[PDB]
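Encoded as structure tokens, the following chain is the form deposited in one PDB entry, with no partner shown.
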């Protein structure tokens, strides 16, 4: 019976497909590890796939995955129990240490490039001739933290050139230096910009960028990690 054969075959095909998909999704994070770094004994019934190689543009190299997995950074946590499966308590200040929801990944300390090889992300001032086209222009607005104190003022918007979207607000602090705040973690209002994730004292603690008109992937992760970490770790100083 043709329909019987078709259905049996499909179920067989579908099982191969799930295997192909499951294994393809094991090109990062695997092999599994114990809470201490070493390979866990039980990896599961799915083997790692044969490697593949992405050729990166702009002379940036290749990526080959799966490949040796390391964090390439200190992880300031410690065990809080004597067996697998409990939490790992921060050993210093988890905001400053970049652990927990403040985590960052050791990405390439260069900036993402557009398809022409130029920095994808620039402050608007250096991006010709980008301008706010709709909505309230935040530039000029004082920035308020979750303690309801002004931490600074918005002095530019960093924009993604090829996608034409705001990505950070550059904010100036009491001391005259600036910080990037992710666009996605501010509420632009009519008389201010509000930042629920950070109290006003934690702005200075935001990771700073090395050159004032570009940002690297590494710096982006440190900034975004830090600001989001604020939700958990600045929730003592917040507030009704």
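Residue numbers count along the first chain shown, from 1. Each form is matched to the other, and the largest set of C-alpha atoms that superpose within 1.5 Å is called the rigid core.
Beyond what is shown, the protein has a form deposited in another entry; the following relates to that form.
Trainee: With the two forms aligned on the rigid core, which of the residues 212, 51, 61, 39 moves its CA by 2 Å or more between this form and the one not shown?
Mentor: None of the others reach 2 Å, which leaves 39.
Trainee: Any chance the CA of residue 183 moves 2 angstroms or more between this form and the one not shown, core superposed?
Mentor: For residue 183, whose C-alpha is compared between this form and the one not shown after core superposition, the shift is less than 2 Å.
Trainee: Could you tell me whether the Cα atom of residue 10 shifts by at least 2 Å between this form and the one not shown after core superposition?
Mentor: The answer is no, as the C-alpha of residue 10 shifts between this form and the one not shown by less than 2 Å after core alignment.
Trainee: Compare the position of the CA of residue 27 between this form and the one not shown after a rigid core fit and state whether the shift reaches 2 Å.
Mentor: The answer is yes, as the C-alpha of residue 27 shifts between this form and the one not shown by 2 Å or more after core alignment.
Trainee: So the CA-CA distance for residue 37 and residue 102 moves by at least 3 angstroms in that other deposited form. Closer or farther than here?
Mentor: Between the C-alphas of residue 102 and residue 37, the gap widens in that other deposited form (3 Å or more compared with this form).
Trainee: Is the CA-CA spacing of residue 48 and residue 40 tighter or wider in that other deposited form than here, given a 3 Å or more change?
Mentor: Closer is correct, given that in that other deposited form the C-alpha spacing of residue 48 to residue 40 is reduced by at least 3 Å.
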